[PDB]
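Each value in this text was obtained by applying a stated rule to the coordinates, not by laboratory testing. Note: ideal-geometry Cβ built from the backbone for every residue, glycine included; neighbour counts use all protein chains shown.
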Amino acid sequence: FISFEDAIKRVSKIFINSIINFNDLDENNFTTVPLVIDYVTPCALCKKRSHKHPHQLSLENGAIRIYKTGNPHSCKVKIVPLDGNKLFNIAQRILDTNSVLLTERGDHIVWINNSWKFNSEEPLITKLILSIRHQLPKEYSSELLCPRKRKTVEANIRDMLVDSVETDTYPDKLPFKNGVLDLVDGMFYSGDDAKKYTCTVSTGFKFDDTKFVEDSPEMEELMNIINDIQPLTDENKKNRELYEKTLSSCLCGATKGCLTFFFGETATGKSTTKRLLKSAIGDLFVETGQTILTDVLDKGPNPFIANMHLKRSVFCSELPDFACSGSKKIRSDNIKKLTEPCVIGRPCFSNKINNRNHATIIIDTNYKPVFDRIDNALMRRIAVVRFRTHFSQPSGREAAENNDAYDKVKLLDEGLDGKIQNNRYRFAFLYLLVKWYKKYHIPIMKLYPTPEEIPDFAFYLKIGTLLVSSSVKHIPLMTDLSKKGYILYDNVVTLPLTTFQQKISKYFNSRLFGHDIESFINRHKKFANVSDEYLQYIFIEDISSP
Amino acid sequence: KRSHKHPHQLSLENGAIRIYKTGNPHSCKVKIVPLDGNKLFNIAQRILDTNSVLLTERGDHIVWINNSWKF
Amino acid sequence: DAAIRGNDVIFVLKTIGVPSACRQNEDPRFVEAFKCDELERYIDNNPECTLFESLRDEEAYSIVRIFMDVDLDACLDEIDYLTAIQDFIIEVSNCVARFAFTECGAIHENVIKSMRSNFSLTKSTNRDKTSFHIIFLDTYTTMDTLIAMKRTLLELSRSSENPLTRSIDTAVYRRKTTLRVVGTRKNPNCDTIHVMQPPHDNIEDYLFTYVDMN
Ligand SMILES: Nc1ncnc2c1ncn2[C@@H]1O[C@H](COP(=O)(O)OP(=O)(O)O)[C@@H](O)[C@H]1O
C-alpha cells in the first residue's frame, strides 16, 4: 500500500476539474463521503456536460474504482492500481509470449518477421519490443514509444532470463525465411507454427507455394537436363540411385558418416549439379578449400571449420593431381575425424573448440584419389559416383566419340547458365529432392560405402579373400601342410618369406603391388627366432586341403 | 463474414478511435486505433518514409547525401 | 495414460455445506450422480433446485478442464464489454501458455491455440452486476496444477488494469472445490441465475468435469 497523499494526487489528476470537497477527505472516510466536482469543463471519464450527480470511490483488490451514482451508463468506470512498476508489468507481458530466449552459447535469440533472429553485437531486444508494441493494450504503446523506457524494459527482460534452451533439435525440418517445411508429408508451416521448432538458420530466401508445383515446363526442362547428365539406363541404375541418395541426403540435419567422390573426366556437368544445388538450398551450401584434406586441424586457428558449423552441405572442388610432383596425399586421419558428430577446431581469436557436424561433404575431382595410408577404417568411410556423359561442341564430335572414357556425347548447349544463376529452376529442384527424400531416407537415413571402386583399395580387399589366419583348427591336417612344406616350430604354421614372395608372385604382378606387399610384410612381421622369418597366415587357394 | 449488411460506425474516446458494427455488435469485431504520440517518433517515421537510409547485410547503414549513396 | 478413461458421469451436490459423513455414505439427498441427459431432465423437471458441480475422488481420476470465475459489480456498454473480454482472454491465454511452457514443460503454441480455439461463456440476470464462468473445452490438466497456477493468476490480477482481470477470483482453486451449475438457483429464495449464450446450446460444453479428448 502507498501513502494516502499519493492516491489523492492520482485521483485528483485523473479528474481534470478540481474538487471542492478536497479538505473533508480523510484516511477513515474516503469511501463514504461523496465528492463534488466543479463542472466548468467536461469530466475526463465521459464528456457529456455538467453531471448532475456526484461520484464515489471504492477499494477492492488493491485498486480504487470510481463510479457515478445514478444511472451506471452515464459515466464510465475508472480503475486506479495501487503499486507495481508499469515498465515491469510490460516486461513481464512481453516475456510471457516466448518471443525471446537464451541459448546455451550465451546469446539471446528473438522472434520477428516469422524468423528467429540472432545477433551478438546488436540490440535486437529493442527492435522486438517496438515490433510487439501492437499486440499490447493501447495504454502501453505510448510508454513503448520512448527509447529510454525501451532500454529499461530490455534491462528487466535481461534480468528475468536465467535458463538456457537447446536449438536445432529437429533433423527433418527445412527452415525458410517465412516458414518451415516438414520433409515427412511435404506440407509447409507458416507464421507462429514455425516458431515451435527453434531453427536459428534459414535458406536465405522466401518460400512460395505457387512455384512448388509438380507439373510445369520448367520441371520438364529440369527432367531433360537430369536425364542428359545421368541417363536412366540399366547399366547406371546403381550409379543413378547413389546419385539420387547423395543429393537427397543434403536436406537432413542429422550427422552423416560417409564422403562422396564426384569422379568424371571433364565437361561432364558436375558444376551444373553444384550450381543447381546451390540455387536450391541457398546459403546452407558452403564451398571450402582442399586444406582440410591435406593439413592438420588442432594447431593454430581454423576458420574453415568454424564456418562449417551447422551447415548442411560442404563442397570441396578442384582437387589437384596427386600423381605429379609436390603432391600432398590425403590425410586418412582427417577423413576419420570429419565423420564425427563433433569436430575439434578453433576460430580466429576465440576459445570454442567444438562444432556440430550436419554437413554432407562432396568432393569434386578430375583424377584418381590417392591417400597416404589405407586401412579397414577408411574403406567404410568412402563412396564414389561416376560421371560418364560428354557435352561437347559438334566441332569436336568425333574428337570425343573415339575416346574410351566418355560413354555418350551430346551437344554442348550454351543455354542454362544465367537461367540457373537466375533461379529459373530453384523451386523445381526442391520438389524432386523432396520426392527422393521420401523415396529413400524417411524410415532411417544412413549412407553406405562403396569399397569396390578406388582400385588402390582393391589389393587390400583381395588379401582378406586370398589369405586366411592360421589357427589350432589347422592342426588335424598336419600331413597336408607337410605337403606344402610348412613347419610347426613355435606351435604355429610357419611361412618362409622366400616361400611367401614366390607364392604371391605367380598370382600378383607385384610392382604396383610391391609397395603394399612390403607394407603387409612389415606390419605383420613376426620373427620367431633370429633367422626364421615366418608368417602367421595361410594361403587358402593352394592349401585348400592339399 | 459476408458483406457486413449493417454499416460500420466510428467513435472517439480518451484520444482513441474505435470502429464497431452497428445493429448487433456481436456479429463483428471492434477495432482500436491510437492517436499521435511523441513528436520525435513522428519525425523519425516521416524521415524513414522517404527511404533515405537503408540497412545492408553486413550490419552497416547507407545514407542518401549529396545525390550519392554514402556508406 | 488415461486413454480409454474419459469422464462422463456427473457428480453433483444438491445442497451447500454438505455434512462430511453424509458425503462419505453417499446420501441420496445431498449427493447424486447423473448423466448429461439425466441432469438436463432433472433440471427441466425442477426449476427451483439448487445444484453444485464438484468431483468425488481426486486420488483416482484427476483430469478436468480449465475453469475461471469473474465477478464485477458494475454494468457497461456492449462495445466496451467486447473489447475488455477479448483483451482479458488474450492475457489469460498468454499467461497459461507461458506457465505451461515454463513449468509443465508443454508447448506454448499448442497450448495457446487450443485455449483460443473454443471457450464457453455465461451471463448473469443481474442488471447492475457482471459475473460469468469461463470453461475451456480443449485444455486439460489436474487440480494441483491449477493450485500451483493460482499464484501466477493472483499476480496477473493484481498487476493488470482491465476491470475484469482485476476481478478474477483465485480462491476457487482449492481442494474439494465446487462450481454452481449454469441455470440453477444459487439460493432457495434468490431469482438470480445464469443464462445461456448463442455460440453453444449444450450443457456438455459448460461443465468442467466433462472429460472427452478429441
Ligand atoms: N543436359 C545439358 N544441356 C545443356 N548443356 C549442358 C548439359 N549438360 C552439360 N551441359 C554443359 O556442359 C558444361 C559442363 O561444364 P561443367 O559442369 O564444369 O563440367 P565439368 O565440371 O565436368 O567440367 C556446362 O557449361 C553446361 O552448360
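Most exposed first by the Cβ proxy, i.e. fewest other Cβ within 10 Å, how do C:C190, A:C199 rank? Could the numbers behind the result be given before it?
On the way: C:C190 9, A:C199 21.
So the ranking, lowest neighbour count to highest, is C:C190, A:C199.
Just the projected area, averaged over all directions, of the convex hull on the alpha carbon atoms of region C:111-211: how many nm²?
Values: hull surface 31.0 nm².
Dividing the Cα hull surface by four gives the mean projection, 7.7 nm².
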If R0 = 60 Å, then A:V468 and A:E166, at their Cβ-Cβ distance, give a FRET efficiency to the nearest 0.05 of 0.75
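For Cα pairs less than 8 Å apart in space and 6+ apart in sequence, what is the mean separation divided by the residue count of chain A, i.e. the relative contact order in percent? Kindly include the intermediate steps, with their values, before the conclusion.
Values: 762 pairs, mean separation 56.7, N = 546.
Here the relative contact order equals 10 percent.
How many times 2.2 N^0.38 Å is the alpha carbon radius of gyration of the protein assembly as shown?
On the way: Rg = 39.3 Å, N = 831, 2.2 N^0.38 = 28.3 Å.
Here the answer is 1.39, to two decimals.
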From the cross-link list C:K35/C:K176; A:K195/A:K438; A:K117/A:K435; A:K211/A:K410; A:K47/A:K68, the entries with a Cα-Cα span beyond 19 Å are C:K35/C:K176; A:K195/A:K438; A:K117/A:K435; A:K211/A:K410
Treating only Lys and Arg (+1) and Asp and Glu (-1) as charged, each at its beta carbon, one finds that region A:377-425 has a dipole about its Cα centre, in Debye to the nearest 20, of 440 debye
Here D for chain B, in µm²/s, from Stokes-Einstein with a Kirkwood Rh over Cα pairs at 10 °C and 1.306 mPa s, works out to 97 µm²/s
Restricted to pairs 8 or more residues apart or on different chains, the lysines in region A:234-301 with C-alpha atoms under 23 Å apart form a number of pairs equal to 14
In region A:114-210, the trypsin sites (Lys or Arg not before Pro) that sit in a DSSP loop and have at most 13 other Cβ atoms within 10 Å of their own Cβ are A:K206
In the neighbourhood of C:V195 defined by beta carbon distances under 15 Å, the net charge of the other residues (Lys, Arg +1; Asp, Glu -1) is +3
Region A:247-324, convex hull of Cα, quarter of hull surface, nm² -> 6.6 nm²
A chain fully extended from A:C324 to A:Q501 at 0.36 nm per residue, minus the present Cα-Cα distance, gains in nm 60.7 nm
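Compute the relative contact order of region C:76-166 as a whole-number percentage, counting only Cα pairs closer than 8 Å that sit 6 or more residues apart in sequence. Please list the in-between numbers first.
Numbers: 68 pairs, mean separation 24.0, N = 91.
Computed value for region C:76-166: 26 percent relative contact order.
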Between A:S115 and residues 5 or more places away or on another chain, the pairs with built amide H atoms under 5 Å apart involve none
Sparse-neighbourhood loop hits (trypsin sites (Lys or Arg not before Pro), region A:461-517; DSSP loop; Cβ within 10 Å at most 10 others) -> A:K506
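Only loop residues by DSSP count here, and only those with at most 15 other Cβ atoms within 10 Å; note down the GluC sites (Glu not before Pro) in region A:78-172 that meet that.
Working: sites: A:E104, A:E121, A:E139, A:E143, A:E154, A:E166; in loops: A:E104, A:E121, A:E166.
Loop-located and lightly packed - A:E104, A:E121, A:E166.
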Comparing C:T177, C:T122, C:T102 in a Gaussian network model of chain C (Cα, 10 Å), the one with the largest mean-square fluctuation is C:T102
Exposed GluC sites (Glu not before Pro) being those in a DSSP loop with at most 11 other Cβ atoms within 10 Å, the longest stretch of chain C free of them is C:60-214
One finds, for A:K237 and C:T102 with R0 = 51 angstrom and r their Cβ-Cβ distance, a FRET efficiency to the nearest 0.05 of 0.40
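Under a point-charge model restricted to the Cβ atoms of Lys and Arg (+1) and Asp and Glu (-1), what is the dipole moment magnitude of region A:383-462 relative to its Cα centre, in debye to the nearest 20? Write out the running numbers ahead of the final one.
Working: 13 positive and 10 negative charges, 137 e Å.
Rounded to the nearest 20 debye, it is 660 debye.
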Counting only backbone N atoms under 17 Å from a point 7 Å out along Cα-to-Cβ of C:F34, the residues of region C:191-214 in range are C:193-196, C:201-211
